[PDB]
Each structure stands twice: as C-alpha cells, then as structure tokens.
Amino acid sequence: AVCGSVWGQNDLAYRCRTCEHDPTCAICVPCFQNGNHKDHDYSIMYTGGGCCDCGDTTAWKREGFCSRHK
C-alpha cells in the first residue's frame, strides 16, 4: 500500500515540492521513475536517509503516487 523502501545517507532519493505535504517528504528513485512528475518542482538529492512516502496520503499527493503504490 505504502512503499516500504528505506535508504541511507549516501543513497539518492527524490524531493518533489509539487507533491509533498511537508519539506521532509521524499520518495525513492524507483517510485519517482514509475510516477508522473513532469513540470513538477522535483530534485534528485541526498536526504540524510529516509523511508519512502509513496502511497501515503498523509505525506504525498495521490497524483504523485507511482503506478505500483496507486
């Protein structure tokens, strides 16, 4: 339902200021790739590690869910 992916401090992830509900939200690289963020304000970057928010309506807009946690 919600992507269970975890990453470490030197793993890249995605911020998306268009989809997030707060600036600490992030999704893993595969969830970004399998979603639709064209013309979004997104950035691939480091985040000090984290857990993917894809599929979680409390953290991420539904239109920003990838195809596998939609």
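Note that residue numbering follows the sequence shown and begins at 1.
- Residue-level temperature factors show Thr58 in the highest third of its chain, judged at the C-alpha atom.
- In the deposited entry, the Cα temperature factor of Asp11 places it in the lowest third of its chain's modelled residues.
- In this PDB entry, the Cα temperature factor of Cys66 sits in the middle third of its chain's modelled residues.
- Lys38: CA B factor in the highest third of modelled residues in this chain (values from the PDB entry).
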